[PDB]
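Participant: Data file query.csv (CSV, N, CA and C atoms and all ligand atoms) is appended below.
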```
chain,number,residue,atom,x,y,z
A,25,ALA,N,6.7,-2.1,-18.3
A,25,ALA,CA,6.8,-0.8,-17.5
A,25,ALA,C,5.5,-0.6,-16.7
A,26,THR,N,5.6,-0.4,-15.4
A,26,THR,CA,4.5,-0.2,-14.4
A,26,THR,C,5.1,0.8,-13.4
A,27,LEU,N,4.4,1.9,-13.0
A,27,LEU,CA,4.9,2.9,-12.1
A,27,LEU,C,4.0,3.0,-10.8
A,28,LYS,N,4.6,2.7,-9.6
A,28,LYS,CA,3.9,2.8,-8.3
A,28,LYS,C,4.8,3.6,-7.3
A,29,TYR,N,6.1,3.2,-7.2
A,29,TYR,CA,7.0,3.8,-6.3
A,29,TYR,C,8.4,4.0,-6.9
A,30,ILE,N,9.2,5.0,-6.4
A,30,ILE,CA,10.5,5.3,-6.8
A,30,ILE,C,11.4,5.3,-5.6
A,31,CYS,N,12.7,5.0,-5.8
A,31,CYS,CA,13.7,5.0,-4.7
A,31,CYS,C,14.3,6.4,-4.5
A,32,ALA,N,14.8,6.8,-3.3
A,32,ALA,CA,15.3,8.1,-3.1
A,32,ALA,C,16.7,8.2,-3.5
A,33,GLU,N,17.6,7.3,-3.0
A,33,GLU,CA,19.0,7.3,-3.4
A,33,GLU,C,19.3,6.9,-4.8
A,34,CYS,N,19.2,5.6,-5.1
A,34,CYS,CA,19.5,5.0,-6.4
A,34,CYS,C,18.5,5.5,-7.5
A,35,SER,N,17.2,5.8,-7.0
A,35,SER,CA,16.1,6.3,-7.8
A,35,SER,C,15.6,5.3,-8.9
A,36,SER,N,15.5,4.0,-8.5
A,36,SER,CA,15.0,3.0,-9.4
A,36,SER,C,13.5,2.8,-9.2
A,37,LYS,N,12.7,2.9,-10.3
A,37,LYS,CA,11.2,2.6,-10.3
A,37,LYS,C,11.1,1.2,-9.7
A,38,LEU,N,10.3,1.1,-8.6
A,38,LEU,CA,10.1,-0.1,-7.9
A,38,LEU,C,8.9,-0.9,-8.2
A,39,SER,N,7.7,-0.2,-7.9
A,39,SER,CA,6.4,-0.8,-8.1
A,39,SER,C,6.1,-2.1,-7.3
A,40,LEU,N,5.8,-1.9,-6.0
A,40,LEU,CA,5.5,-3.1,-5.1
A,40,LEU,C,4.1,-3.1,-4.5
A,41,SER,N,3.6,-4.3,-4.2
A,41,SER,CA,2.2,-4.5,-3.6
A,41,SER,C,2.2,-4.2,-2.1
A,42,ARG,N,0.9,-4.1,-1.6
A,42,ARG,CA,0.7,-4.0,-0.1
A,42,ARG,C,1.3,-5.3,0.5
A,43,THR,N,2.2,-5.1,1.4
A,43,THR,CA,3.0,-6.1,2.1
A,43,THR,C,3.8,-6.9,1.0
A,44,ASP,N,4.9,-6.4,0.6
A,44,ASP,CA,5.8,-6.9,-0.4
A,44,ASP,C,7.2,-6.4,-0.2
A,45,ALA,N,7.6,-6.0,1.1
A,45,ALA,CA,8.8,-5.5,1.6
A,45,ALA,C,9.1,-4.1,1.2
A,46,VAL,N,9.2,-3.1,2.1
A,46,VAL,CA,9.4,-1.7,1.9
A,46,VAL,C,10.8,-1.4,1.4
A,47,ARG,N,11.7,-2.4,1.2
A,47,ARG,CA,13.1,-2.1,0.7
A,47,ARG,C,13.1,-1.9,-0.8
A,48,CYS,N,14.2,-1.4,-1.3
A,48,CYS,CA,14.4,-1.1,-2.7
A,48,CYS,C,15.2,-2.2,-3.4
A,49,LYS,N,14.8,-2.5,-4.7
A,49,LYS,CA,15.5,-3.5,-5.5
A,49,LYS,C,16.8,-2.9,-6.0
A,50,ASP,N,17.9,-3.6,-5.7
A,50,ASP,CA,19.4,-3.2,-5.9
A,50,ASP,C,20.0,-2.8,-4.6
A,51,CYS,N,19.8,-1.6,-4.2
A,51,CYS,CA,20.3,-1.1,-2.9
A,51,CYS,C,19.3,-1.4,-1.8
A,52,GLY,N,19.7,-2.0,-0.7
A,52,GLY,CA,18.8,-2.4,0.4
A,52,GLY,C,18.4,-1.2,1.2
A,53,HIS,N,17.7,-0.2,0.5
A,53,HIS,CA,17.3,1.0,1.1
A,53,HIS,C,15.8,1.1,1.3
A,54,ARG,N,15.3,1.4,2.5
A,54,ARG,CA,13.9,1.4,3.0
A,54,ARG,C,13.2,2.8,2.7
A,55,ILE,N,13.9,3.7,2.0
A,55,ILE,CA,13.3,5.0,1.7
A,55,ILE,C,12.7,5.0,0.3
A,56,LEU,N,11.3,5.2,0.3
A,56,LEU,CA,10.6,5.2,-1.0
A,56,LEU,C,9.7,6.4,-1.1
A,57,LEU,N,9.4,6.8,-2.3
A,57,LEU,CA,8.5,7.9,-2.7
A,57,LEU,C,7.4,7.4,-3.6
A,58,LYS,N,6.3,8.1,-3.6
A,58,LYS,CA,5.2,7.7,-4.5
A,58,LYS,C,5.3,8.2,-5.9
A,59,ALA,N,4.6,7.6,-6.8
A,59,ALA,CA,4.6,7.8,-8.2
A,59,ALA,C,4.5,9.3,-8.7
A,60,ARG,N,3.2,9.8,-8.9
A,60,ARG,CA,2.7,11.1,-9.3
A,60,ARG,C,1.6,10.7,-10.3
A,61,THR,N,0.4,11.2,-10.2
A,61,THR,CA,-0.7,10.8,-11.0
A,61,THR,C,-0.5,11.0,-12.5
A,62,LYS,N,-1.1,10.1,-13.3
A,62,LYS,CA,-1.2,10.2,-14.7
A,62,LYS,C,-2.3,11.3,-15.0
A,63,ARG,N,-3.1,11.7,-14.0
A,63,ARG,CA,-4.1,12.7,-14.0
A,63,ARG,C,-3.4,14.0,-14.2
A,64,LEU,N,-3.2,14.5,-15.5
A,64,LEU,CA,-2.5,15.7,-15.9
A,64,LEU,C,-3.0,16.9,-15.2
A,65,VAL,N,-2.2,17.6,-14.3
A,65,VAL,CA,-2.6,18.7,-13.5
A,65,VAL,C,-2.4,20.0,-14.3
A,66,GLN,N,-3.4,20.9,-14.1
A,66,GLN,CA,-3.4,22.2,-14.8
A,66,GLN,C,-3.2,23.4,-13.8
A,67,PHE,N,-2.6,24.5,-14.3
A,67,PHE,CA,-2.3,25.7,-13.5
A,67,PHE,C,-2.6,26.9,-14.4
A,68,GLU,N,-2.8,28.1,-13.7
A,68,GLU,CA,-3.0,29.4,-14.3
A,68,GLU,C,-1.6,30.0,-14.4
A,69,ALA,N,-1.3,30.6,-15.6
A,69,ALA,CA,0.0,31.2,-15.7
A,69,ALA,C,0.2,32.6,-15.1
A,70,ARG,N,-0.3,32.6,-13.8
A,70,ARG,CA,-0.4,33.8,-13.0
A,70,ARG,C,0.1,33.5,-11.6
B,100,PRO,N,27.1,6.5,14.4
B,100,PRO,CA,25.7,6.3,14.5
B,100,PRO,C,25.1,5.1,13.6
B,101,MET,N,24.3,4.3,14.3
B,101,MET,CA,23.7,3.1,13.6
B,101,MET,C,22.2,3.0,13.9
B,102,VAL,N,21.6,2.1,13.1
B,102,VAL,CA,20.1,1.7,13.3
B,102,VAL,C,20.0,0.2,13.4
B,103,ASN,N,19.8,-0.3,14.6
B,103,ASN,CA,19.5,-1.7,15.0
B,103,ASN,C,18.0,-2.0,14.8
B,104,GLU,N,17.7,-2.2,13.5
B,104,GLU,CA,16.3,-2.5,13.1
B,104,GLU,C,16.0,-3.9,12.7
B,105,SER,N,14.8,-4.4,12.8
B,105,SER,CA,14.3,-5.7,12.4
B,105,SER,C,14.4,-5.8,10.9
B,106,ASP,N,14.0,-7.0,10.2
B,106,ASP,CA,14.1,-7.2,8.8
B,106,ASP,C,15.5,-7.2,8.2
B,107,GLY,N,16.4,-6.8,9.1
B,107,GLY,CA,17.9,-6.7,9.0
B,107,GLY,C,18.4,-6.9,10.4
B,108,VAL,N,19.7,-6.5,10.6
B,108,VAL,CA,20.3,-6.6,11.9
B,108,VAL,C,20.7,-5.2,12.4
B,109,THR,N,21.6,-4.6,11.7
B,109,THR,CA,22.2,-3.2,12.0
B,109,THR,C,22.8,-2.7,10.7
B,110,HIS,N,22.9,-1.3,10.6
B,110,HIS,CA,23.5,-0.6,9.5
B,110,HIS,C,23.7,0.9,9.9
B,111,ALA,N,24.7,1.6,9.3
B,111,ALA,CA,25.0,3.0,9.6
B,111,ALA,C,23.9,3.9,9.2
B,112,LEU,N,23.5,4.8,10.2
B,112,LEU,CA,22.4,5.8,10.0
B,112,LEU,C,23.0,7.2,9.7
B,113,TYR,N,22.6,7.7,8.6
B,113,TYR,CA,23.0,9.0,8.2
B,113,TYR,C,21.9,10.1,8.6
B,114,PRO,N,22.3,11.4,8.9
B,114,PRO,CA,21.3,12.3,9.4
B,114,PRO,C,20.0,12.5,8.6
B,115,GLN,N,20.1,12.7,7.3
B,115,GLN,CA,18.9,12.9,6.5
B,115,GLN,C,17.9,11.7,6.6
B,116,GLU,N,18.4,10.5,6.7
B,116,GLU,CA,17.6,9.2,6.8
B,116,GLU,C,16.8,9.3,8.1
B,117,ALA,N,17.5,9.5,9.2
B,117,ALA,CA,16.9,9.6,10.6
B,117,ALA,C,15.9,10.7,10.7
B,118,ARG,N,16.1,11.8,10.0
B,118,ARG,CA,15.2,13.0,9.9
B,118,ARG,C,13.9,12.5,9.3
B,119,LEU,N,13.9,11.8,8.2
B,119,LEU,CA,12.8,11.3,7.4
B,119,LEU,C,12.1,10.1,8.1
B,120,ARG,N,12.9,9.1,8.6
B,120,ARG,CA,12.3,7.9,9.2
B,120,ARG,C,12.0,8.1,10.7
B,121,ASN,N,12.0,9.3,11.2
B,121,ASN,CA,11.8,9.7,12.6
B,121,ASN,C,12.4,8.8,13.7
B,122,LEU,N,13.7,8.5,13.4
B,122,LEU,CA,14.6,7.7,14.3
B,122,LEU,C,15.5,8.7,15.1
B,123,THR,N,16.2,8.1,16.1
B,123,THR,CA,17.1,8.9,16.8
B,123,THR,C,18.5,8.7,16.2
B,124,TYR,N,19.2,9.8,15.9
B,124,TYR,CA,20.6,9.8,15.4
B,124,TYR,C,21.5,9.6,16.6
B,125,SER,N,21.6,8.4,17.1
B,125,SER,CA,22.3,7.9,18.3
B,125,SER,C,23.3,6.8,17.9
B,126,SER,N,24.4,6.7,18.7
B,126,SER,CA,25.4,5.7,18.5
B,126,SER,C,25.5,4.8,19.7
B,127,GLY,N,26.0,3.6,19.5
B,127,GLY,CA,26.2,2.6,20.5
B,127,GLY,C,27.3,2.9,21.5
B,128,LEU,N,27.0,2.5,22.8
B,128,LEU,CA,28.0,2.7,23.9
B,128,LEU,C,28.3,1.4,24.5
B,129,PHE,N,29.7,1.1,24.5
B,129,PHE,CA,30.2,-0.2,25.0
B,129,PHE,C,31.2,-0.1,26.0
B,130,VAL,N,31.1,-0.8,27.1
B,130,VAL,CA,32.1,-0.7,28.2
B,130,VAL,C,32.6,-2.2,28.5
B,131,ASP,N,33.9,-2.3,28.9
B,131,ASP,CA,34.5,-3.5,29.2
B,131,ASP,C,34.3,-3.8,30.7
B,132,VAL,N,33.5,-4.8,31.0
B,132,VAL,CA,33.2,-5.2,32.4
B,132,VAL,C,34.1,-6.3,32.9
B,133,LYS,N,34.9,-6.0,34.0
B,133,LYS,CA,35.8,-7.0,34.6
B,133,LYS,C,35.1,-7.9,35.7
B,134,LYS,N,35.6,-9.0,36.0
B,134,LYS,CA,35.0,-10.0,37.0
B,134,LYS,C,36.1,-10.7,37.8
A,201,ZN,ZN,17.6,2.1,-4.5
```
Output the file's structure as structure tokens, nothing else.

Facilitator:
Amino acid sequence: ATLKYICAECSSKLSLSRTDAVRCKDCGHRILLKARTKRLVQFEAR
Amino acid sequence: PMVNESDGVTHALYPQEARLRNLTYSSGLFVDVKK
């Protein structure tokens, strides 16, 4: 398990390198979203 | 409506896709030319 990118439609964790085809594994979809940091974000309950 | 893009040939373009990928939601126009 390694997390870099997610698909929009099928929503399958992709994880690809710089110049490794912008398409999604399974559905041939070019729409991708980024991970979200493992850097746990904090908020004020206000 | 379709998207004639490289890395592929052509496929059907849906509004939300076009909105995100900054493409034009346009369809092909074909006419029968006689000779
Ligand atoms: Zn997919």

Participant: Between atom C of residue 121 (chain B) and CA of residue 27 (chain A), what is the spacing in Å?

Facilitator: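 Distance between the two atoms: 27.5 Å.
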
Participant: Between A:64, A:51, A:69, A:57, which one has atoms that come closest to residue 30 (chain A), using only N, CA and C atoms?

Facilitator: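 Comparing A:64, A:51, A:69, A:57 against residue 30 (chain A), the winner is A:57.
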
Participant: To one decimal place, how far is CA of residue 42 (chain A) from CA of residue 114 (chain B) in Å?

Facilitator: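 We find that CA of residue 42 (chain A) and CA of residue 114 (chain B) lie 27.9 Å from each other.
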
Participant: Can you work out the spacing between atom N of residue 54 (chain A) and atom N of residue 33 (chain A) in Å, to one decimal?

Facilitator: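 Calculated distance between atom N of residue 54 (chain A) and atom N of residue 33 (chain A) is 8.4 Å.
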
Participant: Which residue is closest to chain B? Choose from A:28, A:41, A:56, A:34 and count only C-alpha atoms.

Facilitator: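 Checking each of A:28, A:41, A:56, A:34 against chain B, counting only C-alpha atoms, the winner is A:56.
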
Participant: List all protein, DNA and RNA residues that have at least one atom no more than 8 Å from any atom of ligand ZN 201 (chain A), counting only C-alpha atoms and all ligand atoms, and write them as a ChimeraX atom specification.

Facilitator: /A:31-36,48-53

Participant: Take the selection from the previous step and output its residues with N, CA and C atoms, as a short mmCIF file (atom, residue, chain, number, x, y, z; two decimals), in the coordinates of the input.

Facilitator:
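The result, written out as again21.cif:
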```cif
data_model
loop_
_atom_site.label_atom_id
_atom_site.label_comp_id
_atom_site.auth_asym_id
_atom_site.auth_seq_id
_atom_site.Cartn_x
_atom_site.Cartn_y
_atom_site.Cartn_z
N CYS A 31 12.70 5.00 -5.80
CA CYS A 31 13.70 5.00 -4.70
C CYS A 31 14.30 6.40 -4.50
N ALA A 32 14.80 6.80 -3.30
CA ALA A 32 15.30 8.10 -3.10
C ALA A 32 16.70 8.20 -3.50
N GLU A 33 17.60 7.30 -3.00
CA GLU A 33 19.00 7.30 -3.40
C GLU A 33 19.30 6.90 -4.80
N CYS A 34 19.20 5.60 -5.10
CA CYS A 34 19.50 5.00 -6.40
C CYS A 34 18.50 5.50 -7.50
N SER A 35 17.20 5.80 -7.00
CA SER A 35 16.10 6.30 -7.80
C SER A 35 15.60 5.30 -8.90
N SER A 36 15.50 4.00 -8.50
CA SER A 36 15.00 3.00 -9.40
C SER A 36 13.50 2.80 -9.20
N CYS A 48 14.20 -1.40 -1.30
CA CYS A 48 14.40 -1.10 -2.70
C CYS A 48 15.20 -2.20 -3.40
N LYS A 49 14.80 -2.50 -4.70
CA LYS A 49 15.50 -3.50 -5.50
C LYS A 49 16.80 -2.90 -6.00
N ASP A 50 17.90 -3.60 -5.70
CA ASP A 50 19.40 -3.20 -5.90
C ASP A 50 20.00 -2.80 -4.60
N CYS A 51 19.80 -1.60 -4.20
CA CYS A 51 20.30 -1.10 -2.90
C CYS A 51 19.30 -1.40 -1.80
N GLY A 52 19.70 -2.00 -0.70
CA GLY A 52 18.80 -2.40 0.40
C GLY A 52 18.40 -1.20 1.20
N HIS A 53 17.70 -0.20 0.50
CA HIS A 53 17.30 1.00 1.10
C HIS A 53 15.80 1.10 1.30
#
```

Participant: Extract the full set of helix (DSSP H, G or I) residues from chain B according to DSSP on the backbone, and format it as a PyMOL selection string.

Facilitator: chain B and resi 114-119
